[PDB]
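Structure first, then comments.
All chains are named by letter (A, B, ...) in the order of the sequence lines, taking the proteins before the strands, and each is independently numbered beginning at 1.
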2 protein chains.
Amino acid sequence: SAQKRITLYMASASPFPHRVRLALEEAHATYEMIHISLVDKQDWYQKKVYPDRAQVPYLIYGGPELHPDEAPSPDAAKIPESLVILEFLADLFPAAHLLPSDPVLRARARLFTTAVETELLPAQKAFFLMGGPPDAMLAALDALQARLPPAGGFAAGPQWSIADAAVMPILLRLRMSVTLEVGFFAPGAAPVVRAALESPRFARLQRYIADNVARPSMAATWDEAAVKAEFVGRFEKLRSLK
Amino acid sequence: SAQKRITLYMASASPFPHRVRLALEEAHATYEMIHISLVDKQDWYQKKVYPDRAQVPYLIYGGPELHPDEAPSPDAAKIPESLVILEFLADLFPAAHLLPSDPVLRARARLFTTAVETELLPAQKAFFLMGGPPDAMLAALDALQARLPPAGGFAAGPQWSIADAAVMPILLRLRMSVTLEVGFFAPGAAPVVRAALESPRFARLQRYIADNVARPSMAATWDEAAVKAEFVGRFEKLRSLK
Ligand SMILES: N[C@@H](CCC(=O)N[C@@H](CS)C(=O)NCC(=O)O)C(=O)O
């Protein structure tokens, strides 16, 4: 009946491991983390841990204590894909209500997550990686904001859910990128987005971000210095290979 | 009941409504269907039913009886997005076991579905809509086949699940398209894939298709003459608009 072992392979720059950390903290799970860098991928993580894709996040469920440069027990479950890991944690910790009980509100959470993955993330890539115009990024943020309940609350309604885990790491890193002006932005594009995100246009979205940041799971999982250092480091690597 | 009435806006040519129909039948659900043409779409669909996107499937849950050319009640729930609808039906009908009970096995089903949506469907689009080469389509089919349990059974294990509902409509339409050569295929590309699908390389996938077709839910959801008529009609219309 006691929880089986959880080990999470992660990193800081990407939004995807942060999603999982938020859900683990909201579940009050016991877990250990292992940071994966490119050297780890090349030297042992692809070989001993995750041969098919060597990506993070990657959750190991069951088995004995796990350290870097070690293969997981063949008897443990290995789960990739941040969104699937979120649904897994909601199934594993039912008393935490990481998804709501009502089936329509569960559908609402999943519709919100679908839109994050299929609409917001492509828009962020077009803006940050491909130097697209700020108006298209702000239109995607308008659409995201309109999917939040206008009467208040979290993405699926009054209660926090894995839908909030899915989007909050992206919003925090988007704000960081446009505030530090770190990215492959069209000229002047970052300030346009930064200023709009602080304006009355985005009052609802600002309230939503604040509501999520005020929860204990955010302080437990957001280390601004570490995220910045790896985010900027990744950008400088991208810039240099080019 | 008025609390639990299901009305499904659907069509025949697209795989997406079929996915939903498979799960409804596996759950032995009671439901009504409204047919939206994918050749000459009824203007009342966008105007009265689904103004934002006017896509099928669209599931209406609760409220009074609903007929064509009528707006759903404001008090009924409206659920788009086939993969979300499948998860919704698994939540509504727990006794049908549309997903397995164990969290790890539920993750297995969800990983299979994610690969359908993010790997197989993009490959089909590149091949059928954009005239891409047949080896890229075969690579995606090889990868799908390798995700199946080798000894037999369904996508997530011995029992049927919504992972099977996600993929089987695509496989049936792919086979039909390459067999009739109805699509925007490169010269020579359709026969390469048609022959491969019938060859020993794809024996495991053939057995999979046959095991799904043998279930009663297939005859209750797959009218190949109606699918083909709308599929060909839509293709010929699209081609004529260049
Ligand atoms: N992600 C959606 C995709 C739905 C979709 O693409 N529907 C198309 C099938 S052609 C549609 O309804 N199109 C309306 C139109 O083309 O006018 C799902 O899985 O339900």
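- In this structure, the portion of A:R106 lying under 4.5 Å from any heavy atom of chain B is its side chain and not its backbone.
- The side-chain heavy atoms of B:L8 and B:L24, taken from C-beta on, include a pair separated by under 4.5 Å.
- Here the closest heavy-atom approach between residue B:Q3 and residue B:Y61 is recorded as O-CE2, 3.8 Å.
- Looking at A:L111, the atoms closer than 4.5 Å to chain B (heavy atoms on both sides) sit in the backbone and in the side chain alike.
- With ring centers used as reference points, A:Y9 lies under 6.0 Å from A:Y45.
- Of the listed residues B:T114, B:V84, B:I79, the one with more heavy-atom pairs under 4.5 angstrom with chain A than any other is B:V84.
- For chain B, the nearby parts of A:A107 are the backbone and the side chain; heavy atoms of each come within less than 4.5 Å.
- Annotation: cation-pi geometry not satisfied between B:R21 and B:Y31 (NZ/CZ under 6.0 angstrom from ring centroid, within 45° of ring axis).
- For A:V104, the parts lying near chain B are the backbone and the side chain together; criterion is any non-hydrogen pair under 4.5 Å.
- Ring pair A:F154/A:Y208 is perpendicular by interplanar angle, where above 60° counts as perpendicular and below 30° as parallel.
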